[PDB]
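One structure below.
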Amino acid sequence: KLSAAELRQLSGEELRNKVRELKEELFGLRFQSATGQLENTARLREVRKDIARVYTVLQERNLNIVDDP
RNA sequence: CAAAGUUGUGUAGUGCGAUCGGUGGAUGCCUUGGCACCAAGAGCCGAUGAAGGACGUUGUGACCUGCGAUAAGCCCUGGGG
Ligand SMILES: [Mg+2]
């Protein structure tokens, strides 16, 4: 899974929790990469892409491009 | 055999020719680059912060191109497969 437009079915607070969880996962991945672990390197970019998606949804809600749930 | 006389000279090197190579990158044939134009556009950008940059950004060392900590990319829409 890589997240998609179903993030628009979530609420603001749980989307922000999603942001925090994604940031923590990226932190762990970066530490693994530094320490020599993390064979799965593509996730290291996909997590940042997911953060971008969640910020996209939040900003469209904030700017009223899409009606806020 | 002696006497008198004649002629000859490449083991150092060199010249010329032929031949076989080396160096060199001319020539010929090209080209992801230029040059001069034609036709149609567009003729402004900027405090909603420009022109141009610095630094950063990739699974990984650099540089170029793109991008800006949402960082060779995020979303919507249409096309295409
Ligand atoms: Mg003209």
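Naming scheme: A, B, ... for chains in displayed order of the structure tokens; residues 1 onward per chain; ligands 1 onward as shown.
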Can you build me a table of chain A residues sitting at most 8 Å from chain B, with the closest atom pair per residue and its distance in Å to one decimal, using only C-alpha atoms (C1' of nucleotides), sorted by chain and residue number, as a Markdown table?
```
| residue | atom | partner | partner_atom | distance |
| --- | --- | --- | --- | --- |
| A:41 | CA | B:59 | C1' | 5.0 |
| A:42 | CA | B:59 | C1' | 6.8 |
| A:48 | CA | B:70 | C1' | 7.7 |
| A:49 | CA | B:74 | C1' | 7.0 |
| A:51 | CA | B:70 | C1' | 6.6 |
| A:52 | CA | B:70 | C1' | 3.8 |
| A:53 | CA | B:74 | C1' | 5.5 |
| A:55 | CA | B:70 | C1' | 6.4 |
| A:56 | CA | B:75 | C1' | 6.3 |
| A:57 | CA | B:75 | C1' | 7.7 |
```
For those residues, write N, CA and C atoms to a file as a PDB file, in the first residue's frame.
```pdb
ATOM      1  N   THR A  41      14.685  -0.319   0.034  1.00  0.00           N
ATOM      2  CA  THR A  41      15.063   1.081  -0.123  1.00  0.00           C
ATOM      3  C   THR A  41      13.950   1.930  -0.726  1.00  0.00           C
ATOM      4  N   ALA A  42      13.042   1.327  -1.495  1.00  0.00           N
ATOM      5  CA  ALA A  42      12.001   2.109  -2.155  1.00  0.00           C
ATOM      6  C   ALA A  42      11.034   2.726  -1.155  1.00  0.00           C
ATOM      7  N   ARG A  48       8.053   9.491   2.036  1.00  0.00           N
ATOM      8  CA  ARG A  48       8.037  10.924   1.773  1.00  0.00           C
ATOM      9  C   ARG A  48       6.934  11.283   0.790  1.00  0.00           C
ATOM     10  N   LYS A  49       6.709  10.431  -0.211  1.00  0.00           N
ATOM     11  CA  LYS A  49       5.604  10.673  -1.133  1.00  0.00           C
ATOM     12  C   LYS A  49       4.263  10.637  -0.407  1.00  0.00           C
ATOM     13  N   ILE A  51       3.776  11.396   2.776  1.00  0.00           N
ATOM     14  CA  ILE A  51       3.700  12.648   3.526  1.00  0.00           C
ATOM     15  C   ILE A  51       3.251  13.778   2.612  1.00  0.00           C
ATOM     16  N   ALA A  52       3.791  13.809   1.394  1.00  0.00           N
ATOM     17  CA  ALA A  52       3.371  14.810   0.423  1.00  0.00           C
ATOM     18  C   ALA A  52       1.884  14.697   0.130  1.00  0.00           C
ATOM     19  N   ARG A  53       1.384  13.471  -0.028  1.00  0.00           N
ATOM     20  CA  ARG A  53      -0.037  13.283  -0.304  1.00  0.00           C
ATOM     21  C   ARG A  53      -0.901  13.787   0.846  1.00  0.00           C
ATOM     22  N   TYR A  55      -0.164  16.054   3.182  1.00  0.00           N
ATOM     23  CA  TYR A  55      -0.145  17.513   3.147  1.00  0.00           C
ATOM     24  C   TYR A  55      -0.984  18.068   2.003  1.00  0.00           C
ATOM     25  N   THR A  56      -0.997  17.393   0.855  1.00  0.00           N
ATOM     26  CA  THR A  56      -1.830  17.853  -0.250  1.00  0.00           C
ATOM     27  C   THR A  56      -3.297  17.863   0.151  1.00  0.00           C
ATOM     28  N   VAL A  57      -3.749  16.783   0.785  1.00  0.00           N
ATOM     29  CA  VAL A  57      -5.147  16.696   1.200  1.00  0.00           C
ATOM     30  C   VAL A  57      -5.461  17.755   2.251  1.00  0.00           C
TER      31      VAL A  57
END
```
Problem set entry | Surrounding residues as a list in words, ligand 1, max 12 Å, only C-alpha atoms (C1' of nucleotides) and all ligand atoms |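 Checked against 12 Å with only C-alpha atoms (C1' of nucleotides) and all ligand atoms; the hits are residues 37, 38, 39, 40, 41, 42 and 43 of chain B.
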Next, write the just-selected residues to a file, as a PDB file, in the first residue's frame, keeping N, CA, C and O atoms (P, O5', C5', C4', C3', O3' and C1' of nucleotides) as the atom set.
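Saved file result.pdb follows:
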```pdb
ATOM      1  P     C B  37      19.348  37.560 -41.257  1.00  0.00           P
ATOM      2  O5'   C B  37      18.274  37.048 -42.307  1.00  0.00           O
ATOM      3  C5'   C B  37      16.985  36.640 -41.888  1.00  0.00           C
ATOM      4  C4'   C B  37      16.414  35.609 -42.823  1.00  0.00           C
ATOM      5  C3'   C B  37      14.911  35.419 -42.765  1.00  0.00           C
ATOM      6  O3'   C B  37      14.217  36.393 -43.520  1.00  0.00           O
ATOM      7  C1'   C B  37      15.972  33.312 -42.726  1.00  0.00           C
ATOM      8  P     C B  38      12.853  37.031 -42.970  1.00  0.00           P
ATOM      9  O5'   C B  38      11.747  35.966 -43.377  1.00  0.00           O
ATOM     10  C5'   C B  38      11.648  35.497 -44.712  1.00  0.00           C
ATOM     11  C4'   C B  38      10.738  34.302 -44.802  1.00  0.00           C
ATOM     12  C3'   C B  38       9.445  34.397 -44.016  1.00  0.00           C
ATOM     13  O3'   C B  38       8.452  35.152 -44.682  1.00  0.00           O
ATOM     14  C1'   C B  38      10.448  32.294 -43.635  1.00  0.00           C
ATOM     15  P     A B  39       7.410  36.030 -43.837  1.00  0.00           P
ATOM     16  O5'   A B  39       6.404  34.951 -43.247  1.00  0.00           O
ATOM     17  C5'   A B  39       5.646  34.119 -44.108  1.00  0.00           C
ATOM     18  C4'   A B  39       4.893  33.073 -43.333  1.00  0.00           C
ATOM     19  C3'   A B  39       4.201  33.552 -42.071  1.00  0.00           C
ATOM     20  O3'   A B  39       2.970  34.202 -42.324  1.00  0.00           O
ATOM     21  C1'   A B  39       5.365  31.556 -41.614  1.00  0.00           C
ATOM     22  P     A B  40       2.480  35.389 -41.362  1.00  0.00           P
ATOM     23  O5'   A B  40       2.012  34.645 -40.034  1.00  0.00           O
ATOM     24  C5'   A B  40       0.917  33.744 -40.058  1.00  0.00           C
ATOM     25  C4'   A B  40       0.909  32.838 -38.853  1.00  0.00           C
ATOM     26  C3'   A B  40       0.767  33.514 -37.502  1.00  0.00           C
ATOM     27  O3'   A B  40      -0.570  33.864 -37.198  1.00  0.00           O
ATOM     28  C1'   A B  40       2.493  31.914 -37.397  1.00  0.00           C
ATOM     29  P     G B  41      -0.878  35.128 -36.258  1.00  0.00           P
ATOM     30  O5'   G B  41       0.022  34.871 -34.971  1.00  0.00           O
ATOM     31  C5'   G B  41      -0.552  34.841 -33.675  1.00  0.00           C
ATOM     32  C4'   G B  41       0.173  33.873 -32.777  1.00  0.00           C
ATOM     33  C3'   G B  41       0.536  34.396 -31.399  1.00  0.00           C
ATOM     34  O3'   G B  41      -0.547  34.306 -30.493  1.00  0.00           O
ATOM     35  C1'   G B  41       2.401  33.290 -32.355  1.00  0.00           C
ATOM     36  P     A B  42      -1.122  35.622 -29.778  1.00  0.00           P
ATOM     37  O5'   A B  42      -0.030  35.956 -28.672  1.00  0.00           O
ATOM     38  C5'   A B  42       0.262  35.030 -27.637  1.00  0.00           C
ATOM     39  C4'   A B  42       1.601  35.319 -27.012  1.00  0.00           C
ATOM     40  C3'   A B  42       1.878  36.776 -26.690  1.00  0.00           C
ATOM     41  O3'   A B  42       1.273  37.218 -25.491  1.00  0.00           O
ATOM     42  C1'   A B  42       3.718  35.891 -27.836  1.00  0.00           C
ATOM     43  P     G B  43       0.518  38.632 -25.467  1.00  0.00           P
ATOM     44  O5'   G B  43       1.701  39.695 -25.485  1.00  0.00           O
ATOM     45  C5'   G B  43       2.602  39.775 -24.395  1.00  0.00           C
ATOM     46  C4'   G B  43       3.894  40.461 -24.760  1.00  0.00           C
ATOM     47  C3'   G B  43       3.833  41.947 -25.048  1.00  0.00           C
ATOM     48  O3'   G B  43       3.728  42.739 -23.879  1.00  0.00           O
ATOM     49  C1'   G B  43       5.221  40.887 -26.633  1.00  0.00           C
TER      50        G B  43
END
```
Exercise. Got a sec to tell me which of chain A DSSP assigns to helix (DSSP H, G or I), as a ChimeraX atom specification?
Worked result: /A:5-9,12-35,43-62
Problem set entry | d(CA of residue 22 (chain A), CA of residue 60 (chain A)) in Å |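 Separation between CA of residue 22 (chain A) and CA of residue 60 (chain A): 19.3 Å.
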Exercise. Can you tell me, as a list in words, what residues are no more than 10 Å from residue 18 (chain A) when counting only C-alpha atoms (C1' of nucleotides), ignoring any on the same chain fewer than 6 positions away?
Worked result: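 In the requested form, the answer reads residues 7, 10, 12, 24, 50, 51 and 54 of chain A.
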Export of prior selection with N, CA, C and O atoms as a short mmCIF file (atom, residue, chain, number, x, y, z; two decimals), in the first residue's frame:
```
data_model
loop_
_atom_site.label_atom_id
_atom_site.label_comp_id
_atom_site.auth_asym_id
_atom_site.auth_seq_id
_atom_site.Cartn_x
_atom_site.Cartn_y
_atom_site.Cartn_z
N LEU A 7 -7.50 9.09 1.42
CA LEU A 7 -7.19 10.00 2.51
C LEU A 7 -8.20 11.12 2.62
O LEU A 7 -8.34 11.72 3.69
N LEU A 10 -10.83 10.75 5.43
CA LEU A 10 -10.41 10.85 6.82
C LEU A 10 -10.71 12.23 7.37
O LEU A 10 -11.18 13.13 6.66
N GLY A 12 -9.39 15.65 9.93
CA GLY A 12 -8.18 16.44 10.06
C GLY A 12 -7.23 15.91 11.11
O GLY A 12 -6.02 15.80 10.88
N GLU A 24 7.61 9.40 11.72
CA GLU A 24 8.34 8.47 12.58
C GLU A 24 8.85 7.27 11.79
O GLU A 24 9.97 6.79 12.02
N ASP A 50 4.11 9.72 0.55
CA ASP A 50 2.87 9.66 1.32
C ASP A 50 2.69 10.91 2.17
O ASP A 50 1.58 11.42 2.30
N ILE A 51 3.78 11.40 2.78
CA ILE A 51 3.70 12.65 3.53
C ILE A 51 3.25 13.78 2.61
O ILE A 51 2.43 14.62 2.99
N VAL A 54 -0.51 13.48 2.08
CA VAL A 54 -1.32 13.90 3.22
C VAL A 54 -1.32 15.42 3.35
O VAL A 54 -2.37 16.02 3.61
#
```
Problem set entry | Pairwise distance for CA of residue 45 (chain A) and CA of residue 26 (chain A), rounded to one decimal in Å |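 Computing the Euclidean distance for CA of residue 45 (chain A) and CA of residue 26 (chain A) yields 8.8 Å.
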For this session: Quote the spacing between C1' of residue 69 (chain B) and CA of residue 29 (chain A) in Å to one decimal place.
Result: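 CA of residue 29 (chain A) lies at a distance of 16.4 Å from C1' of residue 69 (chain B).
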